[PDB]
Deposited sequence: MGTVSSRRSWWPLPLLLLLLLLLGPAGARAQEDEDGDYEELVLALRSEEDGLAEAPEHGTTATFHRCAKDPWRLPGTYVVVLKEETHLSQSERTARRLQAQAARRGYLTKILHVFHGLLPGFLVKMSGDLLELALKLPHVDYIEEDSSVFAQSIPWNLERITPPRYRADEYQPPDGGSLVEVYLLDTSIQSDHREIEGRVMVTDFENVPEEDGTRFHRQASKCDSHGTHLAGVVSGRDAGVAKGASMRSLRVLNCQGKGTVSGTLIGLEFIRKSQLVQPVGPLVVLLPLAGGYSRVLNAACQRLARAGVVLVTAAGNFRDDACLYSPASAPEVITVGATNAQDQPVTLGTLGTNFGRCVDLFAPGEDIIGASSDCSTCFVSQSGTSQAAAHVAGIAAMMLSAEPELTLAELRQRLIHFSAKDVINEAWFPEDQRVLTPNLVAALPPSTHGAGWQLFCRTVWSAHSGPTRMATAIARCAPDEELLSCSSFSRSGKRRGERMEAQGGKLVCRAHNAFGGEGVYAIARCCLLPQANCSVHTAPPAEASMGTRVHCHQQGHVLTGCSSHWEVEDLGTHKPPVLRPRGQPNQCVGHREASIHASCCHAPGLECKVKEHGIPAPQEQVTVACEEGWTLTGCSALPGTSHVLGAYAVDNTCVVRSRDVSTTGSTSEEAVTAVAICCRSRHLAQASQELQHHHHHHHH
């Protein structure tokens, strides 16, 4: 079960250096012993090996410089979880400390002097080209500009923000996954020996990295707010790291014309793994050119820095705020539907959030979570998960072909997940969760059976003080059965699950102090999409479709969208008095 991992993007691979990640409860002594063992084993095979770093505090393992010939031997080692080949990363009131993993910084620049601390942590790869020389250059530019965007006196977002610099990107703005990993370990060791809310800005990106995402998840679980650039490759950000880590706040870049940023032939990364977008074109900030100089830059780094700033401001006001609460407020205070989605590839539009970060001017906050596409297999499933602190209040599904078996809100590892099931002959499906933060919530999913008899049809939260937040429907007839057109369960009251008689129904029932929910609906006879929205003050919790004819239904902020090929959109709107 010991696996080997390498970058998908061949030019970004760095063979010879490997990250050996050991099993969960492996202690420091066991990492050292395993490293000494690898070295001794290699030496017997007549190979020189060098242990560069022994990871502890963040994840268990070590960093090793060795021939790839020795991989097969290192996978046979005890306690080994997996081995990941190192690869390149590229440059893109209370005291809140903001860590910056980037290039060097001009700490004496008037814009950021006395607010920026240089940690002395430096871990960078050597520059490409046998005759490369920095010369009059201080390899300051990027980092200096980004500290300016975050905390700069005249052009900064969070002017009252303490910052700490870690040199992780060389003169050519290049770093390694291994160097970043060491940087992150330094941040965790720092917070272990120190008190204070933390924000970590990672304005860099490389190809999907299992270990980078793992280290990022570990830090996030330790209550650290990690903000990252989505990537400047006009591509699915899920293919990139730390971009792909769900725990990190992933930021895409937009220009003044509310358009996604174009960077030459490429531009801002898009899709599912992008949490939100922020100003990222022609961004004025400090210039390493002089102590009083400015420069306008572009890229998802600039955009990430804005969010790191907004995070710092929110945390200076309420330092106790959780990463869940912060992400929900970040989404909440954003500008909705401003972005022109035309620039993104058609199939990625649905998955790309239409939010631009903005500062804020007993609440129920919700966010939509899109799953990855399932396979084309008839038994294939898609799964959308919430954050540990959140509640799965609703679960929907969407297929481009419309061949769907429906969806389920099922517990998986003691936590409710939104699982969507593909159908016989279907392209594949997406699972769309609605992840919420509801104050003193006691929530449960009750499962109702298919109802083909006359009566027993009405699925609702029959419990006193328990209110319906959302409904899921799963088609209960097997593929080798006899297909008959699905019949709808009659409607009596509004506050009941809309569904087919032949389907099982999963009802989310929440009990909370001042929770009140309502059902809104809107139908059109011959549409491509039907829509219904929750009023100002109300939060969309559930989104469902009344009528195969329908491709699916999904939440788009406080709007329930039903996509068709009368078509009704059924929404549950909640609020907390």
Counting from 1 along the deposited sequence, the ranges with no C-alpha atoms are 1-60, 153-176, 280, 447-452, 619, 640-641, 660-670, 683-700
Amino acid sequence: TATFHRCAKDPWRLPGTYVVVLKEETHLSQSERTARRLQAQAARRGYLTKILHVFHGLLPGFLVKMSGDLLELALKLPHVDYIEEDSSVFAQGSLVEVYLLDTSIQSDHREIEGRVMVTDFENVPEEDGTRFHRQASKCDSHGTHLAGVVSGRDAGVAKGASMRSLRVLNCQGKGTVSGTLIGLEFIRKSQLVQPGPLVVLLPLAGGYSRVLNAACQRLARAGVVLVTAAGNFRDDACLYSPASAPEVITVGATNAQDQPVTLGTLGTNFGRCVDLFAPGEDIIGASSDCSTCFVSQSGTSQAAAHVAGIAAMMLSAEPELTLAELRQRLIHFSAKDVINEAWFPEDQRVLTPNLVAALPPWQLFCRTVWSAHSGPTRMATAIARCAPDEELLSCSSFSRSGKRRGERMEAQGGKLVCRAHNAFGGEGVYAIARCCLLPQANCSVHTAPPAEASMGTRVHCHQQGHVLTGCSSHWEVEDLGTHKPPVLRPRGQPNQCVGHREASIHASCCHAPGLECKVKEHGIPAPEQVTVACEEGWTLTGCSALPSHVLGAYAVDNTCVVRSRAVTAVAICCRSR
From here on, numbers count along this sequence of modelled residues.
Higher-B stretch (mean Cα B-factor, as the entry records it), 132-140 or 276-284 = 132-140
On average, which has the higher Cα B-factor in the deposited entry, 550-558 or 13-21?
-> 550-558
Per the deposited B-factor column, the C-alpha that peaks among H474, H446, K484, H462 belongs to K484
Among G309, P260, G470, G375, the highest C-alpha B-factor in the PDB entry belongs to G375
CA B-factor ranking of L59, expressed as a third of its chain | highest
By its CA B factor, does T539 count among the lowest, middle or highest third of the modelled residues in the chain?
-> middle
Ranked by Cα temperature factor within the chain, is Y82 in the lowest third, the middle third or the highest third?
-> lowest
So, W362's CA B-factor, relative to its chain, sits in which third? The highest
Sorting the chain's CA B-factors, does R115 end up in the lowest, middle or highest third?
-> highest
